[PDB]
file protein.txt (compact mmCIF, C-alpha atoms and all ligand atoms)
# COMPACT_ATOMS: atom_id res chain seq x y z
CA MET A 1 0.00 0.00 0.00
CA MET A 2 1.21 3.53 0.94
CA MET A 3 1.75 5.85 3.91
CA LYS A 4 2.78 9.35 4.76
CA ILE A 5 5.71 9.03 7.13
CA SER A 6 6.81 12.23 8.89
CA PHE A 7 10.25 12.33 10.49
CA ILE A 8 10.73 14.99 13.15
CA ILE A 9 14.27 15.88 14.15
CA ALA A 10 16.12 18.81 15.64
CA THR A 11 18.83 19.37 13.02
CA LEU A 12 20.19 17.51 10.03
CA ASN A 13 23.87 18.02 10.80
CA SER A 14 26.84 15.65 10.69
CA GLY A 15 25.55 13.20 13.30
CA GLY A 16 24.67 9.60 13.94
CA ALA A 17 20.93 9.95 14.31
CA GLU A 18 20.72 12.13 11.23
CA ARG A 19 22.71 9.40 9.49
CA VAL A 20 20.07 6.79 10.36
CA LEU A 21 17.08 9.00 9.61
CA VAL A 22 18.31 9.74 6.12
CA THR A 23 19.08 6.07 5.43
CA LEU A 24 15.51 5.12 6.36
CA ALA A 25 13.93 8.16 4.73
CA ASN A 26 15.96 7.53 1.55
CA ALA A 27 14.71 3.94 1.61
CA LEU A 28 11.07 4.35 2.67
CA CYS A 29 11.05 7.32 0.29
CA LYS A 30 10.58 5.19 -2.82
CA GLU A 31 7.56 3.13 -1.78
CA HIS A 32 5.95 5.61 0.57
CA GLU A 33 6.01 9.37 1.01
CA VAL A 34 8.27 10.81 3.58
CA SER A 35 8.12 14.25 5.09
CA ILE A 36 10.88 15.41 7.39
CA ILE A 37 10.19 18.14 9.94
CA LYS A 38 13.35 19.59 11.36
CA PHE A 39 13.70 22.36 13.88
CA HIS A 40 16.94 24.27 13.22
CA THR A 41 16.83 25.62 9.67
CA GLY A 42 19.71 24.89 7.30
CA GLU A 43 20.55 22.14 4.88
CA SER A 44 21.17 18.45 5.40
CA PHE A 45 24.70 17.12 5.73
CA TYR A 46 23.64 13.86 4.08
CA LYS A 47 22.51 13.45 0.49
CA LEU A 48 18.75 13.35 0.86
CA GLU A 49 16.55 11.75 -1.74
CA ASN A 50 14.61 14.19 -3.89
CA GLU A 51 11.17 12.92 -3.05
CA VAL A 52 11.70 13.49 0.68
CA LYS A 53 9.52 16.50 1.53
CA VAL A 54 11.52 18.52 4.07
CA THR A 55 10.00 21.33 6.13
CA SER A 56 11.86 23.40 8.75
CA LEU A 57 10.28 25.18 11.66
CA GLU A 58 10.90 28.87 11.98
CA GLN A 59 14.01 30.60 13.23
CA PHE A 60 13.26 32.05 16.66
CA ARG A 61 14.94 34.70 18.70
CA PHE A 62 16.56 33.75 22.00
CA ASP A 63 17.84 37.21 22.88
CA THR A 64 15.98 39.03 25.71
CA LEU A 65 14.59 37.18 28.74
CA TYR A 66 11.16 37.60 27.15
CA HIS A 67 12.00 35.96 23.79
CA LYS A 68 13.94 33.36 25.83
CA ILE A 69 10.70 32.00 27.31
CA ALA A 70 8.31 33.09 24.55
CA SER A 71 10.21 31.22 21.85
CA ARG A 72 9.30 27.92 23.48
CA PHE A 73 5.55 28.39 23.29
CA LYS A 74 6.00 29.79 19.78
CA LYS A 75 8.22 26.80 18.90
CA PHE A 76 5.83 24.35 20.49
CA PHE A 77 2.77 25.68 18.68
CA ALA A 78 4.74 26.06 15.49
CA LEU A 79 5.50 22.36 16.01
CA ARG A 80 1.91 21.35 16.74
CA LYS A 81 1.01 23.27 13.62
CA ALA A 82 3.41 21.46 11.29
CA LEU A 83 2.33 18.11 12.72
CA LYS A 84 -1.32 18.87 11.99
CA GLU A 85 -0.50 20.12 8.48
CA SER A 86 1.51 17.01 7.63
CA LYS A 87 -1.54 14.76 7.72
CA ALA A 88 0.88 11.89 8.03
CA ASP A 89 -0.21 8.34 8.69
CA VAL A 90 2.52 8.16 11.34
CA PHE A 91 5.05 10.36 13.12
CA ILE A 92 8.51 9.09 13.92
CA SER A 93 10.67 11.41 16.00
CA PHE A 94 14.32 11.26 16.99
CA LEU A 95 16.09 11.81 20.33
CA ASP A 96 14.87 12.62 23.84
CA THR A 97 14.48 16.40 23.66
CA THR A 98 12.74 16.19 20.27
CA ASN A 99 10.80 13.14 21.53
CA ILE A 100 9.35 14.85 24.61
CA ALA A 101 8.55 17.95 22.55
CA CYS A 102 6.67 15.81 19.98
CA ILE A 103 4.67 13.92 22.64
CA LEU A 104 3.41 17.21 24.07
CA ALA A 105 2.77 18.86 20.69
CA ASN A 106 0.99 15.77 19.41
CA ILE A 107 -1.48 15.80 22.35
CA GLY A 108 -4.67 16.13 20.35
CA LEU A 109 -3.98 14.86 16.84
CA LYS A 110 -5.06 11.28 16.13
CA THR A 111 -1.81 10.16 14.49
CA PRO A 112 0.75 7.67 15.88
CA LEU A 113 4.05 8.78 17.38
CA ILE A 114 6.99 6.34 17.34
CA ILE A 115 9.99 8.06 19.01
CA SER A 116 13.40 6.47 19.36
CA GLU A 117 16.14 6.51 21.90
CA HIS A 118 19.45 6.64 20.07
CA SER A 119 21.89 6.35 22.96
CA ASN A 120 22.19 4.47 26.22
CA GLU A 121 19.53 5.39 28.79
CA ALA A 122 22.25 6.69 31.11
CA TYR A 123 23.49 9.40 28.69
CA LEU A 124 20.60 11.73 29.61
CA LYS A 125 22.43 13.06 32.64
CA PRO A 126 20.30 15.91 34.18
CA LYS A 127 17.54 15.33 36.73
CA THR A 128 14.64 17.25 35.15
CA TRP A 129 14.80 15.65 31.70
CA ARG A 130 15.43 12.21 33.14
CA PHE A 131 12.15 12.86 34.96
CA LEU A 132 10.18 14.42 32.04
CA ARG A 133 11.19 11.41 29.97
CA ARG A 134 9.77 9.19 32.70
CA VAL A 135 6.41 10.96 32.71
CA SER A 136 6.06 11.56 28.97
CA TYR A 137 7.53 8.45 27.27
CA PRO A 138 4.69 6.06 28.37
CA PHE A 139 2.30 8.23 26.25
CA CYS A 140 3.93 7.51 22.88
CA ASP A 141 2.71 4.61 20.76
CA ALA A 142 5.93 2.66 20.25
CA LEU A 143 9.59 3.21 21.11
CA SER A 144 12.64 2.37 19.03
CA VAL A 145 15.58 1.45 21.24
CA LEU A 146 19.06 0.30 20.25
CA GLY A 147 20.74 -1.60 23.09
CA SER A 148 19.03 -4.46 24.91
CA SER A 149 19.82 -2.97 28.32
CA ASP A 150 17.69 -0.02 27.19
CA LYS A 151 14.74 -2.20 26.29
CA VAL A 152 14.92 -3.72 29.78
CA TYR A 153 15.07 -0.17 31.13
CA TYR A 154 12.28 1.31 29.01
CA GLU A 155 9.94 -1.70 29.20
CA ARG A 156 9.42 -0.88 32.87
CA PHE A 157 7.30 2.17 32.00
CA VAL A 158 6.51 2.06 28.24
CA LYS A 159 4.11 -0.57 26.89
CA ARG A 160 5.47 -0.97 23.36
CA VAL A 161 9.28 -0.87 22.95
CA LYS A 162 11.10 -2.44 20.01
CA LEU A 163 14.76 -3.17 19.37
CA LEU A 164 15.64 -1.92 15.91
CA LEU A 165 19.25 -1.94 14.81
CA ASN A 166 20.68 0.77 12.82
CA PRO A 167 20.74 0.56 9.03
CA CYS A 168 24.10 1.08 7.39
CA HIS A 169 23.57 2.92 4.12
CA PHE A 170 26.78 1.39 2.85
CA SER A 171 25.05 -2.00 2.89
CA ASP A 172 23.51 -1.49 -0.56
CA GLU A 173 26.41 0.49 -2.04
CA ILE A 174 29.54 -1.55 -1.15
CA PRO A 175 29.59 -5.08 -2.59
CA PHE A 176 30.27 -7.80 -0.08
CA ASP A 177 33.73 -9.31 -0.65
CA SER A 178 35.59 -6.38 -2.24
CA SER A 179 39.34 -6.15 -2.63
CA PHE A 180 40.67 -3.32 -0.50
CA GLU A 181 44.25 -2.18 -1.16
CA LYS A 182 44.79 -0.41 2.11
CA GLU A 183 47.22 2.30 3.23
CA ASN A 184 48.98 3.00 6.54
CA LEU A 185 46.09 5.01 7.85
CA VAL A 186 44.42 4.98 11.24
CA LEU A 187 41.01 6.59 11.44
CA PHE A 188 39.28 8.47 14.22
CA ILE A 189 35.82 9.53 13.12
CA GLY A 190 33.44 11.32 15.43
CA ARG A 191 32.46 14.51 17.16
CA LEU A 192 35.31 16.16 19.03
CA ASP A 193 33.52 16.53 22.37
CA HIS A 194 34.43 15.25 25.82
CA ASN A 195 32.56 11.95 25.70
CA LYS A 196 33.79 10.91 22.26
CA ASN A 197 37.14 11.28 24.00
CA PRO A 198 39.53 12.09 21.14
CA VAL A 199 42.39 12.95 23.54
CA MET A 200 42.95 9.23 24.36
CA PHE A 201 43.53 8.72 20.63
CA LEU A 202 46.39 11.25 20.66
CA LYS A 203 47.94 10.02 23.92
CA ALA A 204 47.95 6.53 22.36
CA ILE A 205 49.55 7.53 19.04
CA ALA A 206 52.23 9.11 21.23
CA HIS A 207 53.06 5.71 22.75
CA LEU A 208 53.49 3.85 19.42
CA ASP A 209 56.77 2.59 17.93
CA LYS A 210 58.75 5.22 16.05
CA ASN A 211 58.80 2.55 13.30
CA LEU A 212 54.99 2.64 12.98
CA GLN A 213 54.44 6.26 13.96
CA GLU A 214 56.76 7.54 11.20
CA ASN A 215 55.18 5.42 8.40
CA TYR A 216 51.50 5.71 9.32
CA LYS A 217 49.07 8.55 8.67
CA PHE A 218 46.70 9.46 11.49
CA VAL A 219 43.50 11.33 10.82
CA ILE A 220 40.71 12.84 12.91
CA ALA A 221 37.62 13.40 10.81
CA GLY A 222 35.07 15.44 12.71
CA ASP A 223 34.67 18.69 14.57
CA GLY A 224 33.59 19.60 18.10
CA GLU A 225 34.36 22.01 20.91
CA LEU A 226 37.69 20.24 21.48
CA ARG A 227 39.02 20.89 17.98
CA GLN A 228 41.16 23.78 19.25
CA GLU A 229 42.66 22.30 22.44
CA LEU A 230 43.17 19.00 20.63
CA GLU A 231 45.56 20.74 18.24
CA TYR A 232 47.38 22.27 21.19
CA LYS A 233 47.85 18.92 22.92
CA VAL A 234 48.97 17.51 19.55
CA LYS A 235 51.87 19.92 19.84
CA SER A 236 52.29 19.33 23.59
CA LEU A 237 52.83 15.62 22.84
CA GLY A 238 54.26 16.31 19.37
CA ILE A 239 52.72 13.86 16.82
CA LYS A 240 51.39 14.23 13.25
CA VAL A 241 47.57 13.85 13.23
CA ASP A 242 45.63 15.46 10.38
CA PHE A 243 42.44 17.16 11.56
CA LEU A 244 39.99 17.27 8.71
CA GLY A 245 36.78 18.09 10.54
CA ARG A 246 33.34 17.20 9.16
CA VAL A 247 34.24 15.43 5.94
CA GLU A 248 31.14 14.49 3.92
CA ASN A 249 33.06 11.77 2.01
CA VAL A 250 34.06 9.33 4.76
CA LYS A 251 33.76 6.58 2.17
CA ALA A 252 37.12 7.75 0.83
CA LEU A 253 38.87 7.36 4.21
CA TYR A 254 37.02 4.22 5.09
CA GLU A 255 38.63 2.42 2.22
CA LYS A 256 42.30 3.39 2.40
CA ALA A 257 42.22 3.10 6.19
CA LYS A 258 43.41 -0.04 7.93
CA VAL A 259 42.18 0.53 11.48
CA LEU A 260 39.57 2.61 13.25
CA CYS A 261 39.58 3.57 16.91
CA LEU A 262 36.63 4.60 19.06
CA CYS A 263 37.29 5.95 22.52
CA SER A 264 33.88 7.02 23.92
CA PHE A 265 32.74 6.44 27.50
CA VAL A 266 29.12 5.57 26.81
CA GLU A 267 27.43 4.82 23.48
CA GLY A 268 24.40 3.06 22.06
CA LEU A 269 25.24 1.55 18.67
CA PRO A 270 27.90 3.77 17.07
CA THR A 271 27.64 3.68 13.34
CA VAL A 272 31.38 4.19 12.90
CA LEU A 273 31.67 0.67 14.35
CA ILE A 274 29.01 -0.48 11.86
CA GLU A 275 30.27 1.17 8.70
CA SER A 276 33.75 -0.34 9.10
CA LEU A 277 32.21 -3.79 8.66
CA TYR A 278 31.82 -2.88 5.00
CA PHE A 279 35.34 -1.79 4.25
CA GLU A 280 37.70 -4.35 5.81
CA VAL A 281 38.55 -1.72 8.39
CA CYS A 282 39.55 -3.31 11.69
CA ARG A 283 37.70 -1.85 14.66
CA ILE A 284 39.38 -1.09 17.99
CA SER A 285 37.20 0.41 20.70
CA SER A 286 36.97 1.16 24.40
CA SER A 287 34.72 -1.27 26.22
CA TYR A 288 32.23 1.64 26.31
CA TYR A 289 29.15 1.74 28.48
CA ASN A 290 26.92 -1.28 28.11
CA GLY A 291 26.52 -2.19 24.51
CA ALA A 292 30.18 -2.84 23.81
CA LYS A 293 30.10 -6.63 23.40
CA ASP A 294 26.92 -6.52 21.27
CA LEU A 295 29.15 -5.14 18.49
CA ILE A 296 32.64 -6.62 18.94
CA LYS A 297 33.61 -10.21 19.67
CA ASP A 298 36.96 -9.15 21.16
CA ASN A 299 39.93 -10.80 19.47
CA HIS A 300 37.50 -12.49 17.02
CA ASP A 301 36.15 -9.63 14.91
CA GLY A 302 37.59 -6.62 16.70
CA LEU A 303 39.62 -5.52 19.68
CA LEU A 304 38.35 -4.03 22.94
CA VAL A 305 40.41 -1.92 25.33
CA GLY A 306 39.63 -0.75 28.81
CA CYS A 307 37.72 2.51 28.92
CA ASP A 308 40.29 5.30 28.77
CA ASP A 309 43.40 3.07 28.75
CA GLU A 310 45.82 5.09 26.61
CA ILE A 311 48.37 2.23 26.75
CA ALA A 312 46.01 -0.70 26.22
CA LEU A 313 44.96 1.03 22.99
CA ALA A 314 48.54 1.49 21.81
CA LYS A 315 49.36 -2.16 22.41
CA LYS A 316 46.31 -3.31 20.42
CA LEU A 317 47.13 -0.75 17.76
CA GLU A 318 50.78 -1.85 17.60
CA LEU A 319 49.47 -5.42 17.65
CA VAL A 320 47.39 -5.21 14.49
CA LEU A 321 49.72 -2.82 12.73
CA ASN A 322 52.71 -5.16 13.13
CA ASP A 323 50.63 -8.07 11.81
CA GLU A 324 48.72 -7.93 8.50
CA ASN A 325 47.62 -11.57 8.53
CA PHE A 326 45.84 -10.76 11.76
CA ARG A 327 44.10 -7.53 10.92
CA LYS A 328 43.03 -9.40 7.85
CA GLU A 329 41.54 -12.26 9.75
CA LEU A 330 39.64 -10.15 12.20
CA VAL A 331 37.90 -8.32 9.43
CA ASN A 332 36.95 -11.43 7.50
CA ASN A 333 35.17 -12.56 10.66
CA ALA A 334 33.72 -9.03 10.93
CA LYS A 335 32.21 -9.28 7.46
CA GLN A 336 29.88 -11.74 9.17
CA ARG A 337 28.02 -8.93 10.97
CA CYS A 338 27.28 -7.08 7.71
CA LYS A 339 23.81 -8.42 7.32
CA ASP A 340 22.61 -7.19 10.68
CA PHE A 341 22.56 -3.67 9.23
CA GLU A 342 21.21 -3.96 5.71
CA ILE A 343 18.68 -1.19 5.16
CA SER A 344 16.53 -3.71 3.33
CA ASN A 345 16.01 -5.77 6.50
CA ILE A 346 16.09 -2.85 8.95
CA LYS A 347 13.55 -0.92 6.86
CA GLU A 348 10.90 -3.61 6.91
CA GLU A 349 10.80 -3.76 10.75
CA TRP A 350 10.33 -0.02 10.78
CA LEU A 351 7.53 -0.74 8.29
CA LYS A 352 6.30 -3.62 10.47
CA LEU A 353 6.26 -1.43 13.58
CA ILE A 354 4.40 1.36 11.72
CA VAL A 355 1.64 -1.13 10.87
CA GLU A 356 0.91 -2.39 14.38
CA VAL A 357 1.07 1.12 15.72
CA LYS A 358 -1.36 2.28 13.04
CA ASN A 359 -3.80 -0.31 14.52
CA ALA A 360 -5.43 1.12 17.72
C1 LIG B 1 27.69 9.22 22.51
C2 LIG B 1 26.45 8.61 21.86
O1 LIG B 1 25.48 8.37 22.52
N1 LIG B 1 26.51 8.34 20.43
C3 LIG B 1 25.38 7.75 19.65
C4 LIG B 1 25.61 6.29 19.28
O2 LIG B 1 25.81 5.47 20.45
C5 LIG B 1 24.56 5.70 18.37
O3 LIG B 1 23.33 5.48 19.06
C6 LIG B 1 24.29 6.59 17.17
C7 LIG B 1 23.14 6.11 16.37
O4 LIG B 1 21.95 6.66 16.90
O5 LIG B 1 24.10 8.04 17.57
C8 LIG B 1 25.23 8.57 18.38
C9 LIG B 1 26.45 8.54 17.73
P1 LIG B 1 27.35 9.87 17.23
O6 LIG B 1 26.60 11.10 17.10
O7 LIG B 1 28.39 10.26 18.17
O8 LIG B 1 27.91 9.48 15.72
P2 LIG B 1 28.37 7.93 15.24
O9 LIG B 1 29.72 7.62 15.77
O10 LIG B 1 27.49 6.79 15.56
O11 LIG B 1 28.42 8.21 13.63
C10 LIG B 1 28.43 9.43 13.27
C11 LIG B 1 29.13 9.61 12.24
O12 LIG B 1 29.05 10.81 11.35
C12 LIG B 1 29.74 10.59 10.28
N2 LIG B 1 30.76 11.58 9.85
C13 LIG B 1 31.83 11.76 10.63
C14 LIG B 1 32.80 12.66 10.26
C15 LIG B 1 32.62 13.37 9.07
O13 LIG B 1 33.46 14.16 8.73
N3 LIG B 1 31.54 13.17 8.33
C16 LIG B 1 30.59 12.29 8.68
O14 LIG B 1 29.62 12.12 7.98
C17 LIG B 1 29.78 9.19 10.03
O15 LIG B 1 29.73 8.59 8.79
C18 LIG B 1 29.06 8.61 11.06
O16 LIG B 1 28.10 7.59 10.75
call {"tool": "encode", "arguments": {"input": "protein.txt", "output": "structure tokens"}}
result
Amino acid sequence: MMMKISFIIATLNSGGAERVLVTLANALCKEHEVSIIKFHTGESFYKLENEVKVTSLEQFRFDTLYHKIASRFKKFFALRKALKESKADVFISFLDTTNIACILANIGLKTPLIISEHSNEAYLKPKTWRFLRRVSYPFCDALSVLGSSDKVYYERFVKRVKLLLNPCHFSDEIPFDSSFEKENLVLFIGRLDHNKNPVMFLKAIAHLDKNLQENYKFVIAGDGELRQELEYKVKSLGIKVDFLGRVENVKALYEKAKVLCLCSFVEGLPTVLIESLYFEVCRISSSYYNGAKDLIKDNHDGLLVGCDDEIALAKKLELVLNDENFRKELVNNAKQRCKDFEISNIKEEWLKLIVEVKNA
């Protein structure tokens, strides 16, 4: 048949949620009809299919104490307005702040709201939002949730929670079993904020053999608030890491690169650890909060280090990089996880969930 799907997100900037949304949208787009409603005006970082109808809420002023409070009622009713005027068969919204907003704004309309947590339940640190999520989330119609520990957490107070994986858009593009002629390149891809923890990457490149360190290229794709101080500490330790910062063509690095390191303290299902599956990139990652083992059979299809162990990382790095027959084995076992992220399969459960929610 057919449905109007409306996606509601804050921004469409170089993120992980926005990466999933567009993969789905681009895929549902062809059979169905897919509006996106995004708050912060601007363009999308990710090539968005042409049929995807995209509508941005207004720009609002947050100067003056008046406009500081007023622009929330104006935003809210501007949101309720767009939702009404989408006449969508279903609303799917993304991330806690946007999710709680949508639940309130949707109070009234007779259309289903899906909402999805896209990060471990413990990330939401403050006390008010952790509370508003507890009161408002049982009023949605379903709930997408990535890690199992989050389903066990959200099932306590939400009646319909589903575990949907993320869909890797590379799954259709990159043929399974492709020759990759790699280059001495280690990749760090991600936001340069405190949790993503890029400093541990630097500290660890410091501790590598001069042999390796002088023949390998190290690269930090991504930008954050740490992009300045990271460059300072790169001098303080004195290594050669090439900050590129928000590079829309990560496919180009993902090929040449041999290894990819993730250093974050807590995550849900990082797509950087999913995309590598498609490029014979070997993953090395901190045993981050909770969902670590769901993604990496340590020493079988990846390598896990203690959280924030600058040395542990370097050893594992030096381990793979002094050993091509190993790196090459790990990834051939990692190719095995590729299916668990094909958009084709992931899309149809989104479609399945939309159907049951559209009944009642
Ligand atoms: C701390 C945290 O809770 N992170 C969550 C994560 O656990 C997942 O749940 C994920 C999916 O919902 O969302 C967040 C990931 P987060 O926002 O941190 O991003 P991620 O690591 O999962 O992936 C983001 C990345 O952006 C891209 N990129 C990077 C650099 C660049 O120059 N250009 C790019 O396009 C990548 O291709 C990529 O997929």
call {"tool": "residues_near_ligand", "arguments": {"input": "protein.txt", "ligand": "ligand LIG 1 (chain B)", "cutoff": "7 Å", "atoms": "only C-alpha atoms and all ligand atoms", "output": "NGL selection string"}}
result
:A and (14-17 or 19-20 or 118-120 or 123 or 146 or 166 or 189-191 or 195-196 or 221-222 or 245-250 or 264 or 266-272)
call {"tool": "closest_residue", "arguments": {"input": "protein.txt", "among": "A:89, A:280, A:310, A:173", "to": "residue 197 (chain A)", "atoms": "all atoms listed in the file"}}
result
A:310
call {"tool": "closest_residue", "arguments": {"input": "protein.txt", "among": "A:277, A:287, A:43, A:10", "to": "residue 168 (chain A)", "atoms": "all atoms listed in the file"}}
result
A:277
call {"tool": "closest_residue", "arguments": {"input": "protein.txt", "among": "A:180, A:129, A:153, A:201", "to": "residue 258 (chain A)", "atoms": "only C-alpha atoms"}}
result
A:180
call {"tool": "residues_around", "arguments": {"input": "protein.txt", "residues": "residue 314 (chain A)", "least_positions_apart": "2", "cutoff": "12 Å", "atoms": "all atoms listed in the file", "output": "ChimeraX atom specification"}}
result
/A:186,200-209,212-213,261,284-286,303-306,308-312,316-322
call {"tool": "atom_distance", "arguments": {"input": "protein.txt", "atom1": "CA of residue 346 (chain A)", "atom2": "CA of residue 145 (chain A)"}}
result
13.0 Å
call {"tool": "residues_near_point", "arguments": {"input": "protein.txt", "point": "(44.7, 19.1, 19.1)", "cutoff": "10 Å", "atoms": "only C-alpha atoms", "output": "PyMOL selection string"}}
result
chain A and resi 192+198-199+202+220+226-239+241-243
